[PDB]
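Working notes, beginning with the structure itself.
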Amino acid sequence: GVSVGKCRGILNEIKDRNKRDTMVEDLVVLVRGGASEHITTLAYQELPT
Amino acid sequence: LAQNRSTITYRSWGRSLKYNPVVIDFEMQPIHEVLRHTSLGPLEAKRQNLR
(Lines give C-alpha, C1' and ligand atoms only; values in the text may rest on other atoms or scores of the structure.)
Protein backbone atom coordinates (compact mmCIF):
# COMPACT_ATOMS: atom_id res chain seq x y z
CA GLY A 1 0.00 0.00 0.00
CA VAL A 2 1.07 3.54 -0.85
CA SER A 3 -0.53 6.72 0.51
CA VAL A 4 0.85 10.24 1.00
CA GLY A 5 -1.10 13.45 1.62
CA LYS A 6 0.12 16.98 0.89
CA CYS A 7 -1.39 20.13 2.40
CA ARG A 8 -0.24 23.72 1.95
CA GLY A 9 -1.69 26.87 3.49
CA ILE A 10 -0.78 30.54 3.37
CA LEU A 11 -2.51 33.68 4.65
CA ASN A 12 -1.80 37.35 3.93
CA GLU A 13 -3.64 40.50 5.02
CA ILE A 14 -2.61 44.14 5.45
CA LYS A 15 -4.82 47.11 6.39
CA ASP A 16 -3.73 50.75 6.29
CA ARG A 17 -5.48 54.04 7.03
CA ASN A 18 -4.24 57.63 7.26
CA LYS A 19 -6.05 60.95 7.70
CA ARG A 20 -4.80 64.54 7.91
CA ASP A 21 -6.69 67.81 8.25
CA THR A 22 -5.75 71.41 9.02
CA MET A 23 -7.57 74.72 9.43
CA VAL A 24 -6.02 78.19 9.74
CA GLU A 25 -7.84 81.45 10.49
CA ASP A 26 -6.52 84.99 10.87
CA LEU A 27 -7.97 88.43 11.56
CA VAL A 28 -6.32 91.84 11.13
CA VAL A 29 -7.66 95.25 12.15
CA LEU A 30 -6.70 98.74 10.98
CA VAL A 31 -7.71 101.86 12.92
CA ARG A 32 -6.56 105.42 12.23
CA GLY A 33 -7.96 108.45 14.05
CA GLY A 34 -8.25 108.93 17.79
CA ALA A 35 -5.88 109.85 20.63
CA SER A 36 -8.10 109.80 23.73
CA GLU A 37 -8.72 106.72 25.87
CA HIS A 38 -11.59 105.84 23.51
CA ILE A 39 -9.21 104.80 20.72
CA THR A 40 -6.98 103.18 23.36
CA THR A 41 -9.83 100.89 24.39
CA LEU A 42 -10.69 100.42 20.71
CA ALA A 43 -7.06 99.45 20.00
CA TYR A 44 -7.62 96.18 21.89
CA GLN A 45 -6.46 93.42 19.54
CA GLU A 46 -8.79 90.97 21.33
CA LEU A 47 -14.05 90.16 18.75
CA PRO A 48 -14.42 92.71 15.92
CA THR A 49 -17.20 94.59 17.72
CA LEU B 1 -0.29 94.17 29.93
CA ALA B 2 2.43 92.06 28.27
CA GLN B 3 1.47 89.03 30.36
CA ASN B 4 -2.17 90.16 30.14
CA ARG B 5 -4.22 88.92 27.19
CA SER B 6 -7.56 90.76 27.56
CA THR B 7 -8.74 94.13 26.27
CA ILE B 8 -9.39 95.39 29.82
CA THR B 9 -5.71 96.38 30.11
CA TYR B 10 -5.81 98.37 26.85
CA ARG B 11 -7.23 101.48 28.55
CA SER B 12 -4.44 101.62 31.12
CA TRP B 13 -1.93 100.81 28.36
CA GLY B 14 -3.09 103.80 26.34
CA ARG B 15 -3.01 105.95 29.47
CA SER B 16 0.59 104.92 30.17
CA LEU B 17 1.47 105.64 26.54
CA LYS B 18 -0.06 109.10 27.06
CA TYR B 19 2.02 109.69 30.19
CA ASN B 20 5.24 108.03 28.94
CA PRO B 21 5.33 107.64 25.14
CA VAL B 22 8.05 105.31 23.87
CA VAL B 23 9.86 105.68 20.55
CA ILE B 24 8.51 103.07 18.14
CA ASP B 25 10.41 103.86 14.93
CA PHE B 26 12.45 106.70 13.46
CA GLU B 27 14.42 107.59 10.35
CA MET B 28 18.16 108.16 10.61
CA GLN B 29 21.06 109.81 8.78
CA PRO B 30 24.83 109.64 9.40
CA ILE B 31 26.26 111.92 12.06
CA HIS B 32 28.49 113.68 9.52
CA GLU B 33 25.41 114.74 7.52
CA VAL B 34 24.32 117.23 10.19
CA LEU B 35 27.64 119.11 10.25
CA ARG B 36 26.99 120.36 6.71
CA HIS B 37 23.68 121.87 7.90
CA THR B 38 25.27 124.03 10.62
CA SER B 39 25.56 127.80 10.82
CA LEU B 40 29.37 127.54 10.78
CA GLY B 41 29.27 127.30 6.97
CA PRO B 42 31.73 125.25 4.92
CA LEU B 43 33.13 122.21 6.75
CA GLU B 44 33.96 119.98 3.78
CA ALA B 45 37.38 118.85 5.04
CA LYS B 46 36.15 117.93 8.53
CA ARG B 47 33.06 116.31 7.02
CA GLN B 48 35.11 114.08 4.72
CA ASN B 49 37.51 113.24 7.56
CA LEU B 50 34.63 112.25 9.85
CA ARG B 51 33.05 110.25 7.00
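Letters for chains follow the order of the C-alpha coordinates (A, B, ...), residue numbers begin at 1 for each chain, and ligand numbers begin at 1 in the order shown.
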Which polymer residues have any atom within 12 Å of an atom of residue 45 in chain A, counting only C-alpha atoms, with same-chain residues fewer than 4 positions away left out, as a list in words?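 Within the cut-off, the hits are residues 27, 28, 29, 30, 31, 39, 40, 41 and 49 of chain A; 4, 5, 6, 7, 8, 9 and 10 of chain B.
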Could those selected residues go to a file with N, CA and C atoms, as a short mmCIF file (atom, residue, chain, number, x, y, z; two decimals), in the first residue's frame?
```cif
data_model
loop_
_atom_site.label_atom_id
_atom_site.label_comp_id
_atom_site.auth_asym_id
_atom_site.auth_seq_id
_atom_site.Cartn_x
_atom_site.Cartn_y
_atom_site.Cartn_z
N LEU A 27 -7.16 87.22 11.55
CA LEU A 27 -7.97 88.43 11.56
C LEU A 27 -7.06 89.62 11.85
N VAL A 28 -7.14 90.64 11.00
CA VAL A 28 -6.32 91.84 11.13
C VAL A 28 -7.23 93.06 11.16
N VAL A 29 -6.90 94.02 12.02
CA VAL A 29 -7.66 95.25 12.15
C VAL A 29 -6.77 96.43 11.77
N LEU A 30 -7.41 97.53 11.38
CA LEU A 30 -6.70 98.74 10.98
C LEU A 30 -7.53 99.94 11.41
N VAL A 31 -7.02 100.70 12.38
CA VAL A 31 -7.71 101.86 12.92
C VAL A 31 -6.79 103.06 12.82
N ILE A 39 -9.95 105.56 21.72
CA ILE A 39 -9.21 104.80 20.72
C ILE A 39 -8.27 103.81 21.40
N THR A 40 -7.82 104.12 22.62
CA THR A 40 -6.98 103.18 23.36
C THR A 40 -7.75 101.91 23.69
N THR A 41 -8.99 102.06 24.16
CA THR A 41 -9.83 100.89 24.39
C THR A 41 -10.21 100.21 23.08
N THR A 49 -16.00 93.85 17.37
CA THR A 49 -17.20 94.59 17.72
C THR A 49 -17.02 95.17 19.11
N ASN B 4 -0.72 90.12 30.30
CA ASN B 4 -2.17 90.16 30.14
C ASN B 4 -2.55 89.88 28.69
N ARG B 5 -3.74 89.30 28.51
CA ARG B 5 -4.22 88.92 27.19
C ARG B 5 -5.60 89.47 26.86
N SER B 6 -6.21 90.24 27.76
CA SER B 6 -7.56 90.76 27.56
C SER B 6 -7.51 92.25 27.21
N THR B 7 -8.62 92.73 26.66
CA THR B 7 -8.74 94.13 26.27
C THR B 7 -9.02 95.06 27.44
N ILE B 8 -9.15 94.53 28.66
CA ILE B 8 -9.39 95.39 29.82
C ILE B 8 -8.15 96.22 30.13
N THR B 9 -6.96 95.68 29.85
CA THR B 9 -5.71 96.38 30.11
C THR B 9 -5.39 97.43 29.05
N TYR B 10 -6.12 97.45 27.94
CA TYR B 10 -5.81 98.37 26.85
C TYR B 10 -6.01 99.82 27.26
#
```
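Proximity to chain B at a cut-off of 12 Å picks out residues 34, 35, 36, 37, 38, 39, 40, 41, 42, 43, 44, 45, 46, 47 and 48 of chain A on chain A, counting only C-alpha atoms.
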Could you write out that same residue set with N, CA and C atoms as a short mmCIF file (atom, residue, chain, number, x, y, z; two decimals), in the first residue's frame?
```cif
data_model
loop_
_atom_site.label_atom_id
_atom_site.label_comp_id
_atom_site.auth_asym_id
_atom_site.auth_seq_id
_atom_site.Cartn_x
_atom_site.Cartn_y
_atom_site.Cartn_z
N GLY A 34 -7.84 109.00 16.41
CA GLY A 34 -8.25 108.93 17.79
C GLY A 34 -7.08 108.83 18.76
N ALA A 35 -6.96 109.81 19.65
CA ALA A 35 -5.88 109.85 20.63
C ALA A 35 -6.34 109.64 22.06
N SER A 36 -7.59 109.96 22.38
CA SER A 36 -8.10 109.80 23.73
C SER A 36 -8.19 108.32 24.11
N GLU A 37 -8.58 108.08 25.36
CA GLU A 37 -8.72 106.72 25.87
C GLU A 37 -9.74 105.90 25.08
N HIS A 38 -10.62 106.56 24.33
CA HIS A 38 -11.59 105.84 23.51
C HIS A 38 -10.88 104.97 22.47
N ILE A 39 -9.95 105.56 21.72
CA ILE A 39 -9.21 104.80 20.72
C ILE A 39 -8.27 103.81 21.40
N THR A 40 -7.82 104.12 22.62
CA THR A 40 -6.98 103.18 23.36
C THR A 40 -7.75 101.91 23.69
N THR A 41 -8.99 102.06 24.16
CA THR A 41 -9.83 100.89 24.39
C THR A 41 -10.21 100.21 23.08
N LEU A 42 -10.39 100.99 22.02
CA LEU A 42 -10.69 100.42 20.71
C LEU A 42 -9.49 99.73 20.09
N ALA A 43 -8.27 100.07 20.51
CA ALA A 43 -7.06 99.45 20.00
C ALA A 43 -6.82 98.06 20.57
N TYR A 44 -7.76 97.51 21.33
CA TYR A 44 -7.62 96.18 21.89
C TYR A 44 -7.65 95.15 20.77
N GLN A 45 -6.54 94.43 20.59
CA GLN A 45 -6.46 93.42 19.54
C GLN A 45 -7.43 92.27 19.78
N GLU A 46 -7.85 92.04 21.02
CA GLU A 46 -8.79 90.97 21.33
C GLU A 46 -10.23 91.40 21.05
N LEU A 47 -12.73 89.54 18.68
CA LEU A 47 -14.05 90.16 18.75
C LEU A 47 -14.07 91.50 18.02
N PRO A 48 -14.37 91.47 16.72
CA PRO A 48 -14.42 92.71 15.92
C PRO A 48 -15.72 93.48 16.12
#
```
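One finds CA of residue 37 in chain B at 26.2 Å from CA of residue 24 in chain B.
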Would you kindly return, as a ChimeraX atom specification, each protein, DNA or RNA residue with an atom no farther than 12 Å from any atom of residue 34 in chain B, considering only C-alpha atoms and excluding same-chain residues fewer than 5 positions away? /B:28-29,39-41,43-44,46-47,50-51
Which parts of chain B does DSSP call helix (DSSP H, G or I) when run on the backbone here, written out as a PyMOL selection string? chain B and resi 9-19+31-33+44-50
